[PDB]
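Visitor: The structure is given below, and queries will be raised subsequently.
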Amino acid sequence: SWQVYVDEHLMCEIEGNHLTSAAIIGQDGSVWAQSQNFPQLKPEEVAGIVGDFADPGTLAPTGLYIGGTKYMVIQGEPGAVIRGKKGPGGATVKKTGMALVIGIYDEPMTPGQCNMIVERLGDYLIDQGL
């Protein structure tokens, strides 16, 4: 399903560790699939995300909110990737046609490892029209 895409391609372990939680979410707000411990994702939050891709940097004041949790905005890519820093851990959000790929990492996992996994899947879904 969309679960296979979350279980195999996002929550798969690189070296030792893996992401804390991950999800593929319609730009509408509709979960396509999530991992066991991905937070319910307030509607106010999904908006803030979607409209930061349309007009880059819109989110910067309030910052990336995912399931109540505040993440400071790191360098993203303009209209493609949004990145979030919360102490050692963080989050990456990669935009598709229809959807968002979201990964959330905690140390000892790196931003790099999170970026790899989230953006790679993203670019696949884009290739496929999603």
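We label chains A, B, ... in the order they appear in the structure tokens, count residues from 1 in each chain, and number ligands from 1 in the order shown.
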Can you tell me which residues surround residue 123 of chain A at a distance of at most 12 Å, considering only C-alpha atoms, apart from same-chain residues fewer than 3 positions away, and format the answer as a VMD selection string?
Guide: chain A and resid 80 to 81 94 to 97 99 to 101 115 to 120 126 to 130
Visitor: Hey, what does DSSP flag as strand (DSSP E) within segment 58-117 of chain A? Can you give it to me as a list in words?
Guide: residues 64, 65, 66, 69, 70, 71, 72, 73, 81, 82, 83, 84, 85, 86, 89, 90, 91, 92, 93, 94, 95, 99, 100, 101, 102, 103, 104 and 105 of chain A
Visitor: Chain A: which residues are helix (DSSP H, G or I) by DSSP, as a PyMOL selection string?
Guide: chain A and resi 2-7+43-54+111-127
Visitor: Emit the selected residues as a short mmCIF file (atom, residue, chain, number, x, y, z; two decimals), in the first residue's frame, including C-alpha atoms.
Guide:
```
data_model
loop_
_atom_site.label_atom_id
_atom_site.label_comp_id
_atom_site.auth_asym_id
_atom_site.auth_seq_id
_atom_site.Cartn_x
_atom_site.Cartn_y
_atom_site.Cartn_z
CA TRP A 2 1.32 3.43 0.88
CA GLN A 3 2.45 1.60 4.07
CA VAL A 4 5.05 -0.45 2.16
CA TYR A 5 6.41 2.93 0.97
CA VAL A 6 6.70 4.14 4.57
CA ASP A 7 7.99 0.89 6.11
CA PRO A 43 -4.49 21.17 10.35
CA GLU A 44 -2.96 24.61 11.12
CA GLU A 45 0.41 22.83 10.76
CA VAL A 46 -0.22 21.24 7.33
CA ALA A 47 -1.28 24.66 5.97
CA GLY A 48 1.91 26.39 7.24
CA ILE A 49 3.96 23.69 5.48
CA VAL A 50 2.10 23.77 2.16
CA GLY A 51 2.18 27.58 1.85
CA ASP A 52 5.89 27.84 2.67
CA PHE A 53 6.59 26.01 -0.64
CA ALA A 54 4.38 28.48 -2.62
CA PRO A 111 20.25 15.56 9.23
CA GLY A 112 22.12 14.08 6.29
CA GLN A 113 20.64 10.63 6.77
CA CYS A 114 17.14 12.11 7.14
CA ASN A 115 17.55 14.34 4.07
CA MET A 116 18.75 11.32 2.06
CA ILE A 117 15.75 9.18 2.85
CA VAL A 118 12.99 11.79 2.68
CA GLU A 119 14.18 13.59 -0.50
CA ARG A 120 15.04 10.33 -2.41
CA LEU A 121 11.49 8.99 -1.91
CA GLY A 122 10.12 12.44 -2.75
CA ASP A 123 11.86 12.51 -6.15
CA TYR A 124 10.49 9.02 -6.88
CA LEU A 125 6.88 10.04 -6.21
CA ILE A 126 7.42 13.14 -8.35
CA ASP A 127 8.78 11.01 -11.26
#
```
Visitor: Kindly indicate which residue among A:1, A:63, A:11, A:20 lies nearest to residue 38 of chain A, using only C-alpha atoms for the distances.
Guide: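 Among the listed residues, A:20 lies closest to residue 38 of chain A.
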Visitor: Which is closer to residue 82 of chain A than all the others in A:59, A:8, A:70, A:25, using only C-alpha atoms?
Guide: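 The shortest atom-to-atom distance to residue 82 of chain A comes from A:59.
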Visitor: Nearest residue to residue 106 of chain A out of A:56, A:17, A:73, A:40, using only C-alpha atoms?
Guide: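 Among A:56, A:17, A:73, A:40, it is A:17 that comes nearest to residue 106 of chain A.
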Visitor: Tell me, as a PyMOL selection string, which residues lie within 7 Å of residue 83 of chain A, counting only C-alpha atoms; anything in the same chain fewer than 2 positions away does not count.
Guide: chain A and resi 73-76+81+85+91-93
Visitor: Could you name the residues that touch residue 18 of chain A at 10 Å or less, counting only C-alpha atoms, but leaving out those on the same chain fewer than 2 positions away, as a compact mmCIF listing (two decimals) with N, CA, C and O atoms, in the first residue's frame?
Guide:
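Saved to around-v4.txt:
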```txt
# COMPACT_ATOMS: atom_id res chain seq x y z
N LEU A 10 11.25 4.69 3.97
CA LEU A 10 11.48 5.80 4.92
C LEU A 10 12.02 5.30 6.27
O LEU A 10 12.95 5.88 6.80
N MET A 11 11.44 4.23 6.82
CA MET A 11 11.81 3.75 8.16
C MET A 11 12.94 2.71 8.09
O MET A 11 13.30 2.14 9.11
N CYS A 12 13.49 2.47 6.89
CA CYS A 12 14.60 1.54 6.73
C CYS A 12 15.86 2.17 7.34
O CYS A 12 16.05 3.38 7.25
N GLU A 13 16.69 1.32 7.96
CA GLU A 13 17.82 1.75 8.77
C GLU A 13 19.04 1.93 7.86
O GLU A 13 19.33 1.09 7.01
N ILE A 14 19.71 3.07 8.02
CA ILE A 14 20.97 3.29 7.36
C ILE A 14 22.07 3.15 8.42
O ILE A 14 22.09 3.88 9.42
N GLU A 15 22.97 2.18 8.19
CA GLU A 15 23.95 1.73 9.17
C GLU A 15 23.19 1.18 10.38
O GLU A 15 22.45 0.19 10.26
N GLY A 16 23.32 1.84 11.54
CA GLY A 16 22.66 1.40 12.76
C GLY A 16 21.21 1.85 12.85
O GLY A 16 20.31 1.04 13.06
N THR A 20 12.85 8.55 13.69
CA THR A 20 11.94 8.46 14.83
C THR A 20 10.51 8.20 14.34
O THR A 20 9.84 7.35 14.87
N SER A 21 10.07 8.98 13.36
CA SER A 21 8.76 8.80 12.72
C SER A 21 8.79 9.39 11.31
O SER A 21 9.64 10.27 10.99
N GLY A 103 9.94 13.14 7.34
CA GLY A 103 10.76 12.35 8.21
C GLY A 103 11.19 13.16 9.42
O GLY A 103 11.41 14.37 9.33
N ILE A 104 11.31 12.49 10.57
CA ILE A 104 11.67 13.13 11.80
C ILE A 104 12.76 12.27 12.43
O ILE A 104 12.62 11.07 12.54
N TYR A 105 13.88 12.91 12.74
CA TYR A 105 15.05 12.19 13.18
C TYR A 105 15.39 12.70 14.57
O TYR A 105 15.16 13.87 14.92
N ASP A 106 15.94 11.78 15.36
CA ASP A 106 16.58 12.11 16.60
C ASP A 106 17.99 11.52 16.55
O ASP A 106 18.20 10.47 15.90
N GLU A 107 18.94 12.19 17.24
CA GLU A 107 20.29 11.67 17.38
C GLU A 107 20.18 10.24 17.90
O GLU A 107 19.19 9.91 18.54
N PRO A 108 21.17 9.38 17.58
CA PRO A 108 22.39 9.71 16.86
C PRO A 108 22.26 9.86 15.34
O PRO A 108 23.29 9.99 14.63
N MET A 109 21.03 9.80 14.82
CA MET A 109 20.79 9.94 13.40
C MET A 109 21.02 11.41 13.01
O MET A 109 20.72 12.32 13.81
N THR A 110 21.53 11.61 11.79
CA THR A 110 22.02 12.88 11.32
C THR A 110 21.00 13.56 10.41
O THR A 110 20.10 12.92 9.85
N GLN A 113 21.20 11.93 6.93
CA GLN A 113 20.64 10.63 6.77
C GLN A 113 19.13 10.78 6.56
O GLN A 113 18.57 10.07 5.77
N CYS A 114 18.54 11.78 7.22
CA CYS A 114 17.14 12.11 7.14
C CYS A 114 16.82 12.73 5.78
O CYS A 114 15.81 12.34 5.13
N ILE A 117 16.81 10.13 2.85
CA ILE A 117 15.75 9.18 2.85
C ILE A 117 14.45 9.87 2.40
O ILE A 117 13.79 9.36 1.51
```
Visitor: Rounded to one decimal in Å, what is the spacing between atom CA of residue 86 of chain A and atom CA of residue 36 of chain A?
Guide: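 Between atom CA of residue 86 of chain A and atom CA of residue 36 of chain A the gap works out to 21.0 Å.
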Visitor: Give me, please, the distance in Å between atom CA of residue 102 of chain A and atom CA of residue 22 of chain A, quoted to one decimal.
Guide: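 Result for atom CA of residue 102 of chain A versus atom CA of residue 22 of chain A: 5.4 Å, one decimal.
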